[PDB]
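Visitor: One structure, pasted below without further comment.
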Amino acid sequence: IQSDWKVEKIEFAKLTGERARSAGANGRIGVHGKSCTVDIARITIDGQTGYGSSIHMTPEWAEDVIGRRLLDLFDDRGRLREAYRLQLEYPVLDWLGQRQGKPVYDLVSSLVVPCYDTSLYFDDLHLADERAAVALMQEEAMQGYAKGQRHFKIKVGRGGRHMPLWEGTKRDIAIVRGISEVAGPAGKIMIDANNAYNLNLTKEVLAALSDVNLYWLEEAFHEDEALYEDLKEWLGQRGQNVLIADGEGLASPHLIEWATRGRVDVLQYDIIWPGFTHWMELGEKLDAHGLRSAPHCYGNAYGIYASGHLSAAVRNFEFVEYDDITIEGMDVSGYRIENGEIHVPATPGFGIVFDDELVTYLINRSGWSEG
Amino acid sequence: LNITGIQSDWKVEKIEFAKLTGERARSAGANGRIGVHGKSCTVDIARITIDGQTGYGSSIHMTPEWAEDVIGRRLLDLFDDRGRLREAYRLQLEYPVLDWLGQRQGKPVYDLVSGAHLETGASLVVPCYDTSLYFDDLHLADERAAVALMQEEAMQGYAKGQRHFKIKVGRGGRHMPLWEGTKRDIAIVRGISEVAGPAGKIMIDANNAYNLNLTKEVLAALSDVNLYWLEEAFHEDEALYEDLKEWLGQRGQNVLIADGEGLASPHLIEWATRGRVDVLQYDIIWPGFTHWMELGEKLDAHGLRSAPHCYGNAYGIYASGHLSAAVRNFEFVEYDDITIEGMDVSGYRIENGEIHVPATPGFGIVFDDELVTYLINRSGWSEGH
Ligand SMILES: O=C[C@H](O)[C@@H](O)[C@@H](O)[C@H](O)C(=O)O
Ligand SMILES: O=C[C@H](O)[C@@H](O)CC(=O)C(=O)O
Ligand SMILES: [Mg+2]
Ligand SMILES: [Mg+2]
Ligand SMILES: [Mg+2]
Ligand SMILES: [Mg+2]
């Protein structure tokens, strides 16, 4: 990177699409829907462009950044400075890989990465018949299986808000078993309560699912060291191997410490916020402790492909959280799902080919430009 | 705070630190999330000497090396342009310093911080509540035996002049089977309600042991009880509290939502301004007294209520009483009956559900100079002279 290279232009557009199947409610909130959008920035440095997720960026913010040198955005250690990450880390890393003919997984390290189908929401809430609910949710897993998914995360916590407490929990249990039989003994099964349980409700559910191949338990309740210590001990005594997964949203400031003390196994900070640069630094610390990395990704299709590249820099990388989404102007065909794995194309940047012309249109129409 | 009377000649001459020890009147059992709390109590205390006079108060996050840098500074230096003790000194020295100012000016802290313009004199009497009703019944298999004991514990408080009670619930979250535990919660609350009478304000505190539907089940079951607030039903979540507030509205059930202790969501206050949470409960020591005077002005401006959390630190109780003079929507002093050695709080009294704050200078707590000196030398530290 020459001191000659500088931020010449920054453009912003919101891209829109849909996920393949509408997502229902989860433990804590209502229907998530089918409509999807991705905020993107196009950065121009040395007459060449880079593309990527961009959040927390205003026209007035990019205004102040035009003219600065690329080198000045990096550490005296080689890390994009906290001040630029959420706004530009993806457009910048994509630029570097284009200019260098390298995929980003190279710059940071064929790439094949485990992935799970995260789309199994409360899609059964209109059905009173527990059997029909199971058949509905099984058929949803199937759709995912047919597209090459082998591992599934199932939303649970129906009884927390959206259904009567005990009836909902019975329904949870029935849905998980019923999906376990679609996945087969080799399919990994995760469950996510979105905090809708408490410790004893959790224990009851876990005990009812002794048969099932439960890979991890995600957000049973808001992270609490005392509660997770108890839960880990209870699982061990029963010889029940289920990983404890947490970390998305407004996480406890002490979550990682708790994990270093064996209370949490899987950390799940979001792939966009705190993001890619953060995750590389984090993945190193967690690797050192033998802890596992599984970045949260939902509501942002771009994060899916970011996660994939990320894995090359993280030894203990668990899964790419997958949602099947088509974003107009964002060609992700370089990627393919096969037997529970996503194959990351070995092309420059993040291997996504944006429709330059459509993007220019959306910038003009509903976005903005500085430079 | 009026700081025009502070002479530039006044400097911090000495900072001394000790840990005082004591006991609460009745051992506190488990709560929704953790085990028995016990009977043993301590309070970390600092004694500051300025212009050859002393002040005493809570002090946390202070090391000898931190204090060393403060020795020699003018007291004026510790306050911002607006007569606000500066952030960097609050946790370590706010209480000792406020006590000092009161001792020197011969006024109680509530008079120093009220911002009152009218003539002073009238006594300060502040609502309080009994916070000591833990899961003291877990050894009891029979609900009746459990209800009976918890009623006895409430009446011990009533005998000492408490009228309002906060009851730990969430038994089924961890310590008891979920269904039985929740039935037990409900029976306990009704039981104490019966004993408290209809003038008695009843608060319940789940320590995050519920979920949304467990919460509604419990609240429905307690419709006839004088439920004043629901505290930490589950970890704060705007969408869940929105749902809960609407449900309570449709039912015409007027229970306030209280939250904010410990590691709070950074957006809790915002959620409260949007009407999802009514009572804010940041601790009286951390973030502390000065912080609370600013916060309380903010909450008052939104018609929100202040109920500083105080448990695990006896000193916090008395500080909370003085803080009430500076906040319009001050709710209650959270009260635990503790005796700390060397810390004479007899100027305060509990009468008919209120703590009476003495008009004596500073925080009106008379520390045992000799004992504290003894404890400073033996196990504490000193900087300055
Ligand atoms: O350390 C604190 C205790 O565990 C807890 O039971 C109390 O702080 C309680 O939540 C309260 O409102 O006073
Ligand atoms: O935006 C976040 C949604 O409400 C959650 O369902 C996401 C989540 O828990 C996950 O993907 O693991
Ligand atoms: Mg999740
Ligand atoms: Mg969490
Ligand atoms: Mg509480
Ligand atoms: Mg809380």
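Chain lettering (A, B, ...) mirrors the order of the structure tokens, residue numbering begins at 1 for each chain separately, and ligand numbering begins at 1 in order of display.
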Which chains and residue numbers are within 8 Å of ligand 4, counting only C-alpha atoms and all ligand atoms, if I want them as number ranges by chain?
Guide: A: 194-195, 218-219, 221-223, 246-252
Visitor: Residues of chain B within 7 Å of chain A, counting only C-alpha atoms - could you list those as a VMD selection string?
Guide: chain B and resid 33 to 34 172 to 174 177 to 178 209 to 213 235 239 to 240 265
Visitor: What separation in Å, quoted to one decimal, exists between atom CA of residue 148 of chain B and atom CA of residue 184 of chain B?
Guide: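 Answer for the atom CA of residue 148 of chain B to atom CA of residue 184 of chain B separation: 11.9 Å.
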Visitor: Kindly provide, as a PDB file with N, CA and C atoms, in the first residue's frame, all nucleotide and amino acid residues lying within 12 Å of ligand 5, counting only C-alpha atoms and all ligand atoms.
Guide:
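And here is the file that came out, part_8.pdb:
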ATOM      1  N   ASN B  31     -31.956 -16.026  46.706  1.00  0.00           N
ATOM      2  CA  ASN B  31     -32.876 -15.305  45.833  1.00  0.00           C
ATOM      3  C   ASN B  31     -33.039 -16.104  44.550  1.00  0.00           C
ATOM      4  N   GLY B  32     -33.715 -15.522  43.558  1.00  0.00           N
ATOM      5  CA  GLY B  32     -34.057 -16.254  42.351  1.00  0.00           C
ATOM      6  C   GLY B  32     -32.883 -16.878  41.614  1.00  0.00           C
ATOM      7  N   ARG B  33     -31.707 -16.259  41.705  1.00  0.00           N
ATOM      8  CA  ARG B  33     -30.563 -16.703  40.901  1.00  0.00           C
ATOM      9  C   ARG B  33     -29.407 -17.348  41.664  1.00  0.00           C
ATOM     10  N   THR B 131     -36.525  -4.808  52.681  1.00  0.00           N
ATOM     11  CA  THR B 131     -36.008  -5.536  51.526  1.00  0.00           C
ATOM     12  C   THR B 131     -35.539  -6.948  51.901  1.00  0.00           C
ATOM     13  N   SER B 132     -35.739  -7.335  53.157  1.00  0.00           N
ATOM     14  CA  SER B 132     -35.066  -8.529  53.698  1.00  0.00           C
ATOM     15  C   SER B 132     -35.814  -9.866  53.535  1.00  0.00           C
ATOM     16  N   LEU B 133     -36.883  -9.887  52.746  1.00  0.00           N
ATOM     17  CA  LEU B 133     -37.705 -11.093  52.642  1.00  0.00           C
ATOM     18  C   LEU B 133     -37.236 -12.020  51.522  1.00  0.00           C
ATOM     19  N   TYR B 134     -36.159 -12.750  51.797  1.00  0.00           N
ATOM     20  CA  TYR B 134     -35.552 -13.661  50.841  1.00  0.00           C
ATOM     21  C   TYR B 134     -36.267 -15.020  50.810  1.00  0.00           C
ATOM     22  N   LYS B 166     -40.600  -5.678  50.253  1.00  0.00           N
ATOM     23  CA  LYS B 166     -40.223  -6.241  48.966  1.00  0.00           C
ATOM     24  C   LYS B 166     -39.893  -7.714  49.102  1.00  0.00           C
ATOM     25  N   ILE B 167     -40.591  -8.528  48.329  1.00  0.00           N
ATOM     26  CA  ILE B 167     -40.538  -9.966  48.495  1.00  0.00           C
ATOM     27  C   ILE B 167     -39.781 -10.620  47.343  1.00  0.00           C
ATOM     28  N   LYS B 168     -38.775 -11.425  47.651  1.00  0.00           N
ATOM     29  CA  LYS B 168     -38.087 -12.177  46.611  1.00  0.00           C
ATOM     30  C   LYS B 168     -39.005 -13.265  46.061  1.00  0.00           C
ATOM     31  N   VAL B 169     -39.157 -13.314  44.738  1.00  0.00           N
ATOM     32  CA  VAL B 169     -39.897 -14.379  44.073  1.00  0.00           C
ATOM     33  C   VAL B 169     -38.980 -15.001  43.027  1.00  0.00           C
ATOM     34  N   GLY B 170     -39.480 -15.986  42.286  1.00  0.00           N
ATOM     35  CA  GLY B 170     -38.640 -16.717  41.356  1.00  0.00           C
ATOM     36  C   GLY B 170     -38.123 -18.038  41.890  1.00  0.00           C
ATOM     37  N   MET B 203     -43.899  -5.095  47.023  1.00  0.00           N
ATOM     38  CA  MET B 203     -43.138  -5.143  45.792  1.00  0.00           C
ATOM     39  C   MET B 203     -42.580  -6.548  45.637  1.00  0.00           C
ATOM     40  N   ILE B 204     -42.481  -7.031  44.407  1.00  0.00           N
ATOM     41  CA  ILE B 204     -41.881  -8.329  44.197  1.00  0.00           C
ATOM     42  C   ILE B 204     -40.672  -8.235  43.287  1.00  0.00           C
ATOM     43  N   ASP B 205     -39.676  -9.074  43.554  1.00  0.00           N
ATOM     44  CA  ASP B 205     -38.396  -8.975  42.859  1.00  0.00           C
ATOM     45  C   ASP B 205     -37.961 -10.363  42.440  1.00  0.00           C
ATOM     46  N   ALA B 206     -37.945 -10.595  41.132  1.00  0.00           N
ATOM     47  CA  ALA B 206     -37.720 -11.938  40.618  1.00  0.00           C
ATOM     48  C   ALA B 206     -36.253 -12.253  40.387  1.00  0.00           C
ATOM     49  N   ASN B 207     -35.399 -11.246  40.487  1.00  0.00           N
ATOM     50  CA  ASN B 207     -33.994 -11.424  40.120  1.00  0.00           C
ATOM     51  C   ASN B 207     -33.859 -12.187  38.805  1.00  0.00           C
ATOM     52  N   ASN B 208     -34.696 -11.790  37.850  1.00  0.00           N
ATOM     53  CA  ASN B 208     -34.596 -12.233  36.468  1.00  0.00           C
ATOM     54  C   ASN B 208     -34.963 -13.691  36.271  1.00  0.00           C
ATOM     55  N   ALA B 209     -35.547 -14.285  37.309  1.00  0.00           N
ATOM     56  CA  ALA B 209     -35.893 -15.702  37.288  1.00  0.00           C
ATOM     57  C   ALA B 209     -37.140 -16.067  36.476  1.00  0.00           C
ATOM     58  N   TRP B 229     -44.857  -2.412  42.714  1.00  0.00           N
ATOM     59  CA  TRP B 229     -43.991  -2.629  41.556  1.00  0.00           C
ATOM     60  C   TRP B 229     -43.470  -4.051  41.346  1.00  0.00           C
ATOM     61  N   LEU B 230     -43.133  -4.328  40.093  1.00  0.00           N
ATOM     62  CA  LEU B 230     -42.517  -5.568  39.678  1.00  0.00           C
ATOM     63  C   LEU B 230     -41.091  -5.282  39.260  1.00  0.00           C
ATOM     64  N   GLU B 231     -40.138  -5.882  39.976  1.00  0.00           N
ATOM     65  CA  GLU B 231     -38.715  -5.597  39.811  1.00  0.00           C
ATOM     66  C   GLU B 231     -37.966  -6.773  39.176  1.00  0.00           C
ATOM     67  N   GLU B 232     -37.250  -6.506  38.092  1.00  0.00           N
ATOM     68  CA  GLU B 232     -36.451  -7.524  37.413  1.00  0.00           C
ATOM     69  C   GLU B 232     -37.166  -8.867  37.193  1.00  0.00           C
ATOM     70  N   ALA B 233     -38.343  -8.829  36.577  1.00  0.00           N
ATOM     71  CA  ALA B 233     -39.041 -10.068  36.234  1.00  0.00           C
ATOM     72  C   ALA B 233     -38.117 -10.952  35.399  1.00  0.00           C
ATOM     73  N   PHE B 234     -37.400 -10.323  34.469  1.00  0.00           N
ATOM     74  CA  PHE B 234     -36.503 -11.006  33.544  1.00  0.00           C
ATOM     75  C   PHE B 234     -35.532  -9.930  33.042  1.00  0.00           C
ATOM     76  N   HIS B 235     -34.407 -10.323  32.461  1.00  0.00           N
ATOM     77  CA  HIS B 235     -33.447  -9.300  32.082  1.00  0.00           C
ATOM     78  C   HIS B 235     -34.110  -8.311  31.124  1.00  0.00           C
ATOM     79  N   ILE B 257     -43.177  -0.968  36.606  1.00  0.00           N
ATOM     80  CA  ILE B 257     -42.055  -1.811  36.221  1.00  0.00           C
ATOM     81  C   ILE B 257     -40.755  -1.190  36.732  1.00  0.00           C
ATOM     82  N   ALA B 258     -40.034  -1.930  37.571  1.00  0.00           N
ATOM     83  CA  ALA B 258     -38.777  -1.446  38.139  1.00  0.00           C
ATOM     84  C   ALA B 258     -37.602  -2.286  37.631  1.00  0.00           C
ATOM     85  N   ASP B 259     -36.476  -1.640  37.358  1.00  0.00           N
ATOM     86  CA  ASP B 259     -35.312  -2.345  36.838  1.00  0.00           C
ATOM     87  C   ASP B 259     -34.070  -1.441  36.910  1.00  0.00           C
ATOM     88  N   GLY B 260     -32.883  -1.991  36.661  1.00  0.00           N
ATOM     89  CA  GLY B 260     -31.685  -1.173  36.533  1.00  0.00           C
ATOM     90  C   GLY B 260     -30.483  -1.543  37.391  1.00  0.00           C
ATOM     91  N   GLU B 261     -30.646  -2.445  38.357  1.00  0.00           N
ATOM     92  CA  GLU B 261     -29.489  -2.837  39.183  1.00  0.00           C
ATOM     93  C   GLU B 261     -28.471  -3.676  38.398  1.00  0.00           C
ATOM     94  N   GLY B 262     -27.237  -3.723  38.901  1.00  0.00           N
ATOM     95  CA  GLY B 262     -26.189  -4.541  38.310  1.00  0.00           C
ATOM     96  C   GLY B 262     -25.777  -4.117  36.910  1.00  0.00           C
ATOM     97  N   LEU B 263     -25.532  -5.092  36.038  1.00  0.00           N
ATOM     98  CA  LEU B 263     -25.084  -4.788  34.683  1.00  0.00           C
ATOM     99  C   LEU B 263     -26.306  -4.525  33.817  1.00  0.00           C
ATOM    100  N   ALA B 264     -26.753  -3.271  33.800  1.00  0.00           N
ATOM    101  CA  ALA B 264     -27.986  -2.903  33.087  1.00  0.00           C
ATOM    102  C   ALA B 264     -27.777  -2.768  31.585  1.00  0.00           C
ATOM    103  N   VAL B 279     -39.575   2.628  37.021  1.00  0.00           N
ATOM    104  CA  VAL B 279     -38.683   2.898  38.154  1.00  0.00           C
ATOM    105  C   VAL B 279     -37.252   2.431  37.844  1.00  0.00           C
ATOM    106  N   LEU B 280     -36.303   3.343  37.980  1.00  0.00           N
ATOM    107  CA  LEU B 280     -34.897   3.082  37.693  1.00  0.00           C
ATOM    108  C   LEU B 280     -34.124   2.835  38.981  1.00  0.00           C
ATOM    109  N   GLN B 281     -33.297   1.792  38.985  1.00  0.00           N
ATOM    110  CA  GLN B 281     -32.745   1.273  40.240  1.00  0.00           C
ATOM    111  C   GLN B 281     -31.208   1.126  40.303  1.00  0.00           C
ATOM    112  N   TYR B 282     -30.484   2.022  39.630  1.00  0.00           N
ATOM    113  CA  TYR B 282     -29.026   2.043  39.737  1.00  0.00           C
ATOM    114  C   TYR B 282     -28.599   2.146  41.199  1.00  0.00           C
ATOM    115  N   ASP B 283     -27.512   1.464  41.527  1.00  0.00           N
ATOM    116  CA  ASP B 283     -27.054   1.330  42.911  1.00  0.00           C
ATOM    117  C   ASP B 283     -26.594   2.666  43.535  1.00  0.00           C
ATOM    118  N   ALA B 307     -35.451   4.905  42.340  1.00  0.00           N
ATOM    119  CA  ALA B 307     -35.389   4.058  43.524  1.00  0.00           C
ATOM    120  C   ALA B 307     -34.019   3.412  43.581  1.00  0.00           C
ATOM    121  N   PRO B 308     -33.017   4.143  44.101  1.00  0.00           N
ATOM    122  CA  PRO B 308     -31.656   3.594  44.096  1.00  0.00           C
ATOM    123  C   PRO B 308     -31.559   2.248  44.814  1.00  0.00           C
ATOM    124  N   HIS B 309     -30.909   1.273  44.175  1.00  0.00           N
ATOM    125  CA  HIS B 309     -30.674  -0.046  44.759  1.00  0.00           C
ATOM    126  C   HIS B 309     -29.682   0.098  45.902  1.00  0.00           C
ATOM    127  N   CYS B 310     -29.959  -0.585  47.006  1.00  0.00           N
ATOM    128  CA  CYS B 310     -29.006  -0.636  48.106  1.00  0.00           C
ATOM    129  C   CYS B 310     -29.162  -1.987  48.787  1.00  0.00           C
ATOM    130  N   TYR B 311     -28.152  -2.823  48.640  1.00  0.00           N
ATOM    131  CA  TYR B 311     -28.116  -4.101  49.331  1.00  0.00           C
ATOM    132  C   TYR B 311     -26.664  -4.537  49.321  1.00  0.00           C
ATOM    133  N   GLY B 312     -26.164  -4.955  50.480  1.00  0.00           N
ATOM    134  CA  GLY B 312     -24.793  -5.402  50.580  1.00  0.00           C
ATOM    135  C   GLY B 312     -23.883  -4.314  51.131  1.00  0.00           C
ATOM    136  N   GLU B 334     -34.327   1.782  50.231  1.00  0.00           N
ATOM    137  CA  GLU B 334     -34.314   0.326  50.366  1.00  0.00           C
ATOM    138  C   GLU B 334     -33.655  -0.060  51.706  1.00  0.00           C
TER     139      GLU B 334
END
Visitor: At a cut-off of 10 Å and counting only C-alpha atoms and all ligand atoms, what residues surround ligand 3? Please answer as a list in words.
Guide: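 Residues lying within 10 Å of ligand 3: residues 26, 27, 118, 153, 154, 155, 191, 192, 193, 194, 195, 217, 218, 219, 220, 245, 246, 247, 248, 249, 268, 269, 270, 295, 296, 297, 298 and 321 of chain A.
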Visitor: Please return, as a ChimeraX atom specification, all residues of segment 85-262 of chain B that DSSP assigns to helix (DSSP H, G or I) on the basis of the backbone.
Guide: /B:87-105,109-113,143-159,171-173,178-196,212-221,238-251
Visitor: Please, what distance in Å, to one decimal, runs between atom CA of residue 21 of chain B and atom CA of residue 345 of chain B?
Guide: 14.2 Å
Visitor: Using only C-alpha atoms, which of A:136, A:156, A:214, A:36 sits nearest residue 180 of chain A?
Guide: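 When distances to residue 180 of chain A are compared using only C-alpha atoms, the smallest one comes from A:214.
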Visitor: If we count only C-alpha atoms and set the cut-off at 8 Å, which residues sit around segment 274-289 of chain A, ignoring sequence neighbours fewer than 6 positions away in its own chain? Please answer as a PyMOL selection string.
Guide: chain A and resi 79-80+85-86+89-90+260+306+310+313-316
Visitor: Based on the selection just made, write C-alpha atoms of those residues as a PDB file, in the first residue's frame.
Guide:
ATOM      1  CA  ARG A  79      -5.380  -3.462  12.190  1.00  0.00           C
ATOM      2  CA  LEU A  80      -7.983  -1.142  10.658  1.00  0.00           C
ATOM      3  CA  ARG A  85     -14.362  -0.593  11.052  1.00  0.00           C
ATOM      4  CA  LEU A  86     -18.168  -0.524  11.044  1.00  0.00           C
ATOM      5  CA  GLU A  89     -13.819  -2.468   6.940  1.00  0.00           C
ATOM      6  CA  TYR A  90     -15.707  -4.486   4.332  1.00  0.00           C
ATOM      7  CA  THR A 260     -12.733 -18.316  30.123  1.00  0.00           C
ATOM      8  CA  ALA A 306     -17.983 -12.467   5.508  1.00  0.00           C
ATOM      9  CA  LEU A 310     -13.371 -15.170   8.608  1.00  0.00           C
ATOM     10  CA  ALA A 313      -8.267 -16.723  10.557  1.00  0.00           C
ATOM     11  CA  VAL A 314      -9.967 -18.656  13.367  1.00  0.00           C
ATOM     12  CA  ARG A 315      -8.897 -22.140  14.432  1.00  0.00           C
ATOM     13  CA  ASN A 316     -11.923 -22.790  16.615  1.00  0.00           C
TER      14      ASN A 316
END
Visitor: Quick one: residues within 8 Å of segment 141-149 of chain A, only C-alpha atoms, excluding same-chain residues fewer than 5 positions away - as JSON, numbers by chain?
Guide: {"A": [115, 116, 117, 120, 179, 182, 183, 337, 338, 339, 340, 341]}
Visitor: DSSP on the backbone: which residues in segment 66-307 of chain A end up as strand (DSSP E)? Give the answer as a VMD selection string.
Guide: chain A and resid 111 to 120 152 to 155 189 to 192 214 to 218 243 to 246 266 to 267 292 to 293
Visitor: Next, the residues of the selection above should be written as a PDB file, in the first residue's frame with C-alpha atoms.
Guide:
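Result saved to part_27.pdb:
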ATOM      1  CA  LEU A 111     -11.954 -22.957   1.520  1.00  0.00           C
ATOM      2  CA  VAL A 112     -14.847 -25.122   2.669  1.00  0.00           C
ATOM      3  CA  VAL A 113     -16.695 -24.172   5.849  1.00  0.00           C
ATOM      4  CA  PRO A 114     -19.400 -25.857   7.945  1.00  0.00           C
ATOM      5  CA  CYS A 115     -22.754 -24.085   7.854  1.00  0.00           C
ATOM      6  CA  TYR A 116     -26.170 -24.529   9.480  1.00  0.00           C
ATOM      7  CA  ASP A 117     -29.671 -23.704   8.296  1.00  0.00           C
ATOM      8  CA  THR A 118     -30.863 -21.001  10.713  1.00  0.00           C
ATOM      9  CA  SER A 119     -34.292 -20.473   9.137  1.00  0.00           C
ATOM     10  CA  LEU A 120     -36.453 -22.697  11.399  1.00  0.00           C
ATOM     11  CA  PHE A 152     -30.156 -27.040  11.633  1.00  0.00           C
ATOM     12  CA  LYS A 153     -30.800 -24.423  14.297  1.00  0.00           C
ATOM     13  CA  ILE A 154     -34.341 -24.542  15.642  1.00  0.00           C
ATOM     14  CA  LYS A 155     -36.023 -21.644  17.397  1.00  0.00           C
ATOM     15  CA  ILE A 189     -29.006 -29.834  15.886  1.00  0.00           C
ATOM     16  CA  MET A 190     -28.866 -26.492  17.649  1.00  0.00           C
ATOM     17  CA  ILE A 191     -31.643 -24.807  19.602  1.00  0.00           C
ATOM     18  CA  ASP A 192     -32.058 -21.106  20.333  1.00  0.00           C
ATOM     19  CA  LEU A 214     -28.145 -31.608  20.669  1.00  0.00           C
ATOM     20  CA  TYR A 215     -25.062 -29.760  19.498  1.00  0.00           C
ATOM     21  CA  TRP A 216     -25.535 -26.485  21.403  1.00  0.00           C
ATOM     22  CA  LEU A 217     -27.953 -24.434  23.468  1.00  0.00           C
ATOM     23  CA  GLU A 218     -28.138 -20.814  22.438  1.00  0.00           C
ATOM     24  CA  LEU A 243     -22.406 -26.785  24.213  1.00  0.00           C
ATOM     25  CA  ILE A 244     -23.474 -23.470  25.757  1.00  0.00           C
ATOM     26  CA  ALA A 245     -23.752 -20.719  23.104  1.00  0.00           C
ATOM     27  CA  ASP A 246     -24.218 -16.994  23.767  1.00  0.00           C
ATOM     28  CA  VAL A 266     -19.477 -20.706  22.053  1.00  0.00           C
ATOM     29  CA  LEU A 267     -19.252 -16.925  21.573  1.00  0.00           C
ATOM     30  CA  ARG A 292     -15.171 -21.655  20.106  1.00  0.00           C
ATOM     31  CA  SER A 293     -16.200 -18.949  17.641  1.00  0.00           C
TER      32      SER A 293
END
Visitor: Set the distance at 12 Å and use only C-alpha atoms: which residues neighbour residue 80 of chain B once local chain neighbours fewer than 4 positions away are removed? I'd like the list as a count of residues only.
Guide: 13
Visitor: Can you list, as JSON, numbers by chain, every protein, DNA or RNA residue that comes within 9 Å of segment 54-63 of chain B when you count only C-alpha atoms, leaving out same-chain residues fewer than 4 positions away?
Guide: {"B": [14, 17, 43, 44, 45, 46, 47, 48, 49, 50, 67, 68, 90, 91, 92, 93, 94, 95, 96, 97, 98, 99, 100, 101, 102, 103, 104, 285, 286, 313, 315, 316, 362, 363, 365, 366, 367, 381]}
